[PDB]
Amino acid sequence: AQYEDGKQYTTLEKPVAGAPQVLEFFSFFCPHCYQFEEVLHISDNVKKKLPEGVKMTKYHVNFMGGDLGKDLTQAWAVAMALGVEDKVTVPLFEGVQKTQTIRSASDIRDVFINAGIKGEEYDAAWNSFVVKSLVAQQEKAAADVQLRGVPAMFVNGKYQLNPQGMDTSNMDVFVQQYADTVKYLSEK
């Protein structure tokens, strides 16, 4: 075939019922994730090729960066609750990996303040039980697929993208192959 299990994707031994149709995992500490976001724009190009009626979910993970890693997962929960993902994603990646100006929760908070979220509003969200359960969801989704690596993308809780089996000579060609794979799996 042209798409082959074990090639552009792998199949989960233990399929996850009720999972989001397109589920992506990342860490602001993850070097390939930085690439996926700022150079490749994976999420975006996948979206552009997904059918109508299909939702995309993106979650942060705890297993990188220790204590700050967990703060970042809670900050991402705040981002999701307030709908400000597209205003903080880049400065969080750059604060962690480029400028290395993020070293504490207060520093994460500064990124939101600078993106124009109000202090009161951020702190209220940070402490809200809506954010507590949004953190729980991120963890449960990761636990469901026994996740030990990012970036990761899962389709319909049954297929996992395998970027290592795609050509990387050309970044554009890589992205389209990745996106076309997600679409194929989507229709499966």
Side-chain angles (χ1 to χ4, degrees), residues 8-9 20-50 54-117 122 125 134-135 138 141-142 145 147-155 160-183 185-186:
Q8 298 103 318
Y9 67 107
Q21 342 184 329
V22 181
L23 184 50
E24 194 170 334
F25 292 100
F26 80 108
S27 171
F28 285 110
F29 281 94
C30 158
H32 282 141
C33 302
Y34 187 112
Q35 290 299 302
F36 264 42
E37 170 65 22
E38 291 205 0
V39 181
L40 300 186
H41 307 287
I42 291 285
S43 299
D44 196 83
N45 280 279
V46 167
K47 190 207 182 97
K48 289 192 298 78
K49 283 202 173 164
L50 291 177
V54 43
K55 185 205 179 336
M56 292 182 75
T57 311
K58 169 133 75 199
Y59 292 156
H60 197 267
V61 298
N62 288 341
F63 61 79
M64 297 184 83
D67 214 287
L68 251 196
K70 293 205 73 170
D71 281 325
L72 281 167
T73 302
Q74 188 167 345
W76 189 246
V78 178
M80 286 186 297
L82 297 180
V84 295
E85 295 96 327
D86 300 329
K87 299 169 188 192
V88 296
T89 291
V90 167
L92 285 172
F93 267 121
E94 299 192 347
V96 178
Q97 297 185 49
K98 192 184 178 183
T99 59
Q100 287 176 7
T101 46
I102 296 180
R103 301 185 233 110
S104 67
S106 173
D107 296 339
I108 298 174
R109 183 176 183 276
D110 287 349
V111 167
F112 287 68
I113 297 303
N114 191 45
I117 295 85
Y122 181 87
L134 224 38
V135 165
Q138 292 182 91
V145 296
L147 187 70
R148 88 180 80 91
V150 288
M153 184 176 300
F154 297 85
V155 179
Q160 174 181 5
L161 274 285
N162 176 41
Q164 293 106 329
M166 306 175 183
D167 197 294
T168 63
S169 86
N170 178 317
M171 326 185 85
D172 301 318
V173 172
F174 171 74
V175 174
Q176 286 332 311
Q177 184 181 1
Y178 194 102
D180 288 344
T181 299
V182 177
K183 184 173 187 288
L185 294 173
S186 195

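We use all heavy atoms of the structure for the numbers below, so side chains are in, but hydrogens, waters and symmetry mates are not. Throughout, residue positions are numbered sequentially from 1 according to the sequence presented.
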Please list all pairs passing the salt bridge (charged side-chain N to carboxylate O under 4.0 Å, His left out) test where one or both residues lie in [range], with sequence neighbours left out.
{"range": "residues 164-183", "result": "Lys49-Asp180, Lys183-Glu187"}
{"range": "residues 23-36", "result": "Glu24-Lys58"}
{"range": "residues 98-111", "result": "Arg109-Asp123"}

Can you name the residues that form a side chain to side chain contact (heavy atoms under 4.5 Å, CB included) with [X], not counting sequence neighbours?
{"X": "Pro20", "result": "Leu23, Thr57"}
{"X": "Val90", "result": "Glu37, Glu38, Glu94"}
{"X": "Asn62", "result": "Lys70, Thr73, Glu139"}
{"X": "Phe63", "result": "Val61, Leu147, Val150"}

With side chains defined as the heavy atoms from C-beta onward, is the minimum distance between [X] and [Y] less than 4.5 Å?
{"X": "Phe29", "Y": "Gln97", "answer": "no"}
{"X": "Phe112", "Y": "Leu92", "answer": "yes"}
{"X": "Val78", "Y": "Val88", "answer": "no"}
{"X": "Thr101", "Y": "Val111", "answer": "no"}
{"X": "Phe26", "Y": "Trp76", "answer": "yes"}
{"X": "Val145", "Y": "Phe25", "answer": "yes"}
{"X": "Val46", "Y": "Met56", "answer": "yes"}

Minimum-distance pair of heavy atoms, taken over all atoms of [X] and [Y]:
{"X": "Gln160", "Y": "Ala152", "result": "NE2-CB, 4.5 Å"}
{"X": "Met166", "Y": "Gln8", "result": "CE-O, 3.6 Å"}
{"X": "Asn45", "Y": "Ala179", "result": "O-CB, 3.8 Å"}
{"X": "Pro151", "Y": "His32", "result": "CD-CB, 3.7 Å"}
{"X": "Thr181", "Y": "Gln177", "result": "OG1-O, 2.7 Å"}
{"X": "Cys33", "Y": "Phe93", "result": "O-CZ, 3.5 Å"}

Residues in side chain to side chain donor-acceptor pair (under 3.5 Å) contact with [X], at least two apart in sequence or another chain:
{"X": "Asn162", "result": "none"}
{"X": "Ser186", "result": "none"}
{"X": "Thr168", "result": "none"}

- Excluding sequence neighbours, so at least two apart, what forms ring-ring contact (aromatic ring centres under 6.0 Å, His included) with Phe36? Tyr178

- Message: Holding to ring-ring contact (aromatic ring centres under 6.0 Å, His included), I want the full list of residues that pass it with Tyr9, two or more places apart in sequence or in another chain.
- Response: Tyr159

- Would a distance-only check, ignoring hydrogens and angles, find a side-chain to backbone donor-acceptor pair under 3.5 Å from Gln21 to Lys55? yes

- Item | Backbone of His60 reached by a side-chain donor or acceptor of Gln138 within 3.5 Å | yes

- Query: So with a 6.0 Å cut-off around CG of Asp86, is the heavy-atom count from everything else above 12?
  - Reply: no

- Between the CD1 atom in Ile108 and the CG atom in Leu68, the distance rounded to the nearest 0.5 Å is 5.5 Å

- Query: Roughly how far, to the nearest 0.5 Å, is NZ of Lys47 from CD1 of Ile42?
  - Reply: 15.0 Å

- Evaluate the criterion side-chain contact (heavy atoms from CB on, under 4.5 Å) for residue pair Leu40 and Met171; output intermediate values, then yes/no. CA-CA 7 Å; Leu40 300 186; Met171 326 185 85; 3.7 Å; yes

